[PDB]
Every structure is written in C-alpha cells, then in structure tokens.
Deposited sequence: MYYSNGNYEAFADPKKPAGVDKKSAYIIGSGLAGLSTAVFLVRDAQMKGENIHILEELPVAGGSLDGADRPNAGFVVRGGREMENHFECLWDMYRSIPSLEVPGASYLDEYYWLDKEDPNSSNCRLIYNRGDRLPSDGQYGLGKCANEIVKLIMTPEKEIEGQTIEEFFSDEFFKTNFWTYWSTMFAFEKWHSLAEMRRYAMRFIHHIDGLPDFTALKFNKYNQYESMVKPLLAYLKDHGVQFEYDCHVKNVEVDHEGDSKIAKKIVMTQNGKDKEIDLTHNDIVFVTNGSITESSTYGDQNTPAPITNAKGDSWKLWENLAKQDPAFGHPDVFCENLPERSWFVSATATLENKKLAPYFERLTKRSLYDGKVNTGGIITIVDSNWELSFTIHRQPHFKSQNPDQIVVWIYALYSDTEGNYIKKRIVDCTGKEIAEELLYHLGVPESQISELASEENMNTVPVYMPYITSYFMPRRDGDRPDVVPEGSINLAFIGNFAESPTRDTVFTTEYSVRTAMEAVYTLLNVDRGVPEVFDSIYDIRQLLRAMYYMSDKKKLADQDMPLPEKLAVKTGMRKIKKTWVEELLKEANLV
C-alpha cells in the first residue's frame, strides 16, 4: 500500500487485483467504517456484491440517534468515496455533487458564536484573544508526538491559555476536555491549520442537507442495494479467534450469536473480516418532555470483543482506556428540542439575525453560552433537519460539555433533567423572562427529548504507543480493525467521519492489494503559505512585527525580516499579510 496526493492518483481507477473472485467479506458493524469498507470492496477491490455480508446488530422529529457531525473540504478519502455514490435528492448526481452544490447555494457561517449574560453576544466574539498563549500552541506543534505520549492538554497548557476565546471555540466545537489527549489536540492543530481563518465564524464548516441518516447513510445503502450487497439483520457478534504461526498472525475462527440462535464461522483467508470496534453511540438512553435519562459504565459487544482480542495478542490494543473511568464531568448528555410554534423563534433569531423559516442555515454551528455552568452549547441546522417536520416546526440540538455542574437556573445536573428542564436552562440563558419560562417551555410550545451517552467522549481519551492497534497489525492476514478507535499510520484525526473512511480504505487496499494511492492526510501543515496564514489569523490579524512574543524572539524576527528584504520569503510574508 502507498500514499499519494494530486489529481493523477485521485482520478485513477485501480486495476482489479489478483484473485478477488475467490474472496469474500464479513463486515461486522454497520458503522461508517464498515460500510465504507464494503463500498471500497465493490468499487476498487471488485469483490462481488453477493459476496459481501455486512453483519448488523439491529433488526430492521427529535432523533438523537440519527444525528451527525460537520465536514470540511479536506476530507480527501470521504470525498473520493462519496463522488462514487449516487444521490437520492438530486437524481443523476453523486452525493458529493449534491453536497457541493448545496454548500455553494447555502454556505455555512455563524453570525453569533459566543453569548453570555442571558442573551448578549460576547463583545470579543470573533477574536481568538490568545496573546502570548499563541506561542504555547506553536510549542505544541514544535513538540514531537512520541514526546507527549499519554500526556494531557491540562498538563501542557497554562491557566491563562484556558481562559482564551481560542480555548472556548476549540473545546466546545471539538468536544476537547482538559483531561483529553494532548497528542490528539496537536493532531487537530496540524490537520485543520488551513481553516484557522474560519473557526470562530464557522465558515470552515460544511453540512449535509439533513441529519446523518437521511443524507449520509441512505444514499450509501441504496448504492449497495443496487450493487446487490448482502444485509443481515438482528445479528449479535461475540468474538474472533487468532493463531500465531512464526511471526505471522492469522484469523482462524469467529464465534457469535444471531436472531434467536447461536452460530460459528471458521475462516478461509479468502473470507475477509473487518471489525468496526468500539462504539460511542452504544447504551444510549432516552427521556422526554417530562422524563430524564440514567447514568452507566455498562460495556457491550464492541468493548468485550476488543478485550478478547487484546487477550489473544498484544497487538490488538489496550481497550479499557476508552470505555472505562470517564469522569462525571465528561460530556454525556445530548438532547433534541422541537419547537412546535414561532413563540421562541425570536430569541434564536435575534442571535442569528436570520429567519428560522427560510430553509437556510441558522446558527451555522454551535452557539456556546460562555457563562453557563454546564458550558451549554446549542445549534440549529438548516431546516428541515428531518423531512417528517411540518412547515412550522424547528429542531434544536443541545449539549453540555460539563456534566458535574449545577445549572444557573435549574440547579440540577443536565443528567438529572427532563427535556423540559434542559429546555428551561437554555431559555434562561436566552433571556426568556423567568415568569414566562414554564408556559414557553411546555409541550404545547416546545417538545424536548434528552439522551445520555456513556461513551461520547471516548475517542479523545489519552493514549500510549500500542494502546491503539495498527489497522493492519504486523503479520496479520485476513483481519483488520476499522473506525475511530483503530490506528491509521497517518497523523489523521479521530471524532471525524474522514478517519472512518480512511481506515476502511487503508484496510481494503492493504488486505486486498489494491494498486492505487491512498491520499495522504492533506498536507496543509507542511505548506509554508498555511503556516504564515495561520500565524496571521491566530494573532487576530497582526503583522508579524506586532505579534506578542518574548523580546529576544521579537528581535530575532526583526533581524530575519531585515535579511530577507526584497526576497521570495518577503513576498510570501506579504502574501500572508505579515508585513
């Protein structure tokens, strides 16, 4: 397998690799990584549809389970796949095309990113406000990853840094807690450096037409049905068994249980197994307008499988780190709130300076209430978010970064609230008069459903070498792990769909010997223009000479700019507006 960039490798179709007609696929998990694996198998590997079996775990507005995240232009792998996938809303076009045109017609941006004081836009919204703390960020990048193994963000950054607007933007938009992986933070900093100009106003973000299920899953599924892939419902997989022959490792056996009966499968090498290991959606619970949701550390199929696998060889990772010992402080709860009327529309609309009812982008991503004890953020997508919605309905997404804090108005934790209470704390923070809050929040006017999720923060748990198992373990023969808990050999970032697609690609290309480049992670961090541009925007648009840095550094910079006068480097600096 090899990595590449540029149009030549992107537009190129791979040759059918040797002996793929004698081979089959077992995809355990209908998670994005698994399905992606299947799509690549059909398209690039040219394995046959009737030979792909995706083993699902389930039998066949306000839907948290269907909700999904944003993307950006530089999800290279994901855009490769989706340019191969037929759209459902605009027949005859690829999903990528639908997405691309929608983004052009209804471009994402936020008119209000940070609020406080019960509904006032934060005066410094739009500013990073880093000061010398910017240098800290640079230092993090200058620090090799192996050197920060297991280390935490809180362990690296100053208190002053954590008071910056930059940290409010970063933590809330990416769900980075202070006790999370410093190495992963650093990866985000390098990876999305090209969007430093668009994080505060979210112009960097792009969104699907609808919730993740309608926009991202249904077109894939239709594509697969058209290609005769095999769907298995109500299946519950229990383990996979592996042998060691010299330095080689082979998957010999899979044990499991389906429908109402137990089953087993010995394996040919020509049967290929991909495990979408781990989950952040498992054990999700529901409440409603008048009911809350319950605390857990319960495990499940993915986690258990992964422990057995770790038992068999060290190379399968050390899983507990992701599903065990999550703080009460952790983000756990996410809720949906459906507005049945236009009674609460003005509060949001006053924030966004846009109408909720034109079908266009609204909050353009999350709005964070900075003086909220829960660190409450909320977002209203382009509507309808679900096609079921009636013309007057609006759907609002609510999340708390802190789950160990008493709210400002509802003195209970987010975890102890019904939908009505979360709605109530939000209404208080929107500047709804407290006398009106009870009638405005109730079902006649507002219908709110919460969900609790033990594992939503699991991806970002700090890690150590060998903690995450290589997508192809050294010596593996028909077994691969795919998804956001697998270790791609790239510097790519988890809690992204792009990572899932990348793992599927690397796994399929490696195992099935597909002779085509896998795109490297987009190389913005190595593009000097991007480095300069980032220094410009991170500093809130200050010329290099005016930026906050220690005095010897400032002098050194003055000397450097003196030396490079009338040079290509000076031109580069001019281009970045650093002089």
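Residues of the deposited sequence lacking C-alpha coordinates, numbered from 1, fall in the single stretch 61-72.
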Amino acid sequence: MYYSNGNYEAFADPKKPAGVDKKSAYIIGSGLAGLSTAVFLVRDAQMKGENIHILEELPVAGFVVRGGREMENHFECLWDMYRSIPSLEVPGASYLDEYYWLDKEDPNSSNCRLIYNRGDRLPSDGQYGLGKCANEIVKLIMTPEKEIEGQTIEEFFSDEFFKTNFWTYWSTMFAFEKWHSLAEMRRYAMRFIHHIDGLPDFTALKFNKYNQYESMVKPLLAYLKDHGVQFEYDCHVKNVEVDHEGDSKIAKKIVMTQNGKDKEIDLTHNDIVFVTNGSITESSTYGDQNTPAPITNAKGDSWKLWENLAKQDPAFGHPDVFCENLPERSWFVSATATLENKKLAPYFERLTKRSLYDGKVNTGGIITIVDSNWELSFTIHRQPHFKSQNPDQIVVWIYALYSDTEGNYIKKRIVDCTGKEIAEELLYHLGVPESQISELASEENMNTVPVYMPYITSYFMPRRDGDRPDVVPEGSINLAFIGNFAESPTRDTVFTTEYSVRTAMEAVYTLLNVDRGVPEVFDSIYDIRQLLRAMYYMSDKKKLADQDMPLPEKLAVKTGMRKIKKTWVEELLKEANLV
From here on, numbers count along this sequence of modelled residues.
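Two stretches are in play, 391-399 and 351-359, and the higher mean C-alpha B-factor belongs to 391-399. Set 365-373 against 409-417 and average the Cα temperature factors; 409-417 ends up higher. Out of 292, 144, 86, 129, the entry records its largest CA B-factor for 292. Note on 161, 192, 499, 303: the highest value goes to 303, judged by CA B factor as recorded. Ranked against the other modelled residues of its chain, the C-alpha B-factor of residue 433 as given in the entry falls in the middle third. When the modelled residues of the chain are ordered by their C-alpha B factor, residue 40 lands in the middle third. Split the chain's modelled residues into thirds by C-alpha temperature factor. Residue 69 is in the middle one. Placement of the Cα temperature factor of residue 548 within the chain: middle third of the modelled residues, per the deposited record. Residue-level temperature factors show residue 557 in the middle third of its chain, judged at the C-alpha atom.
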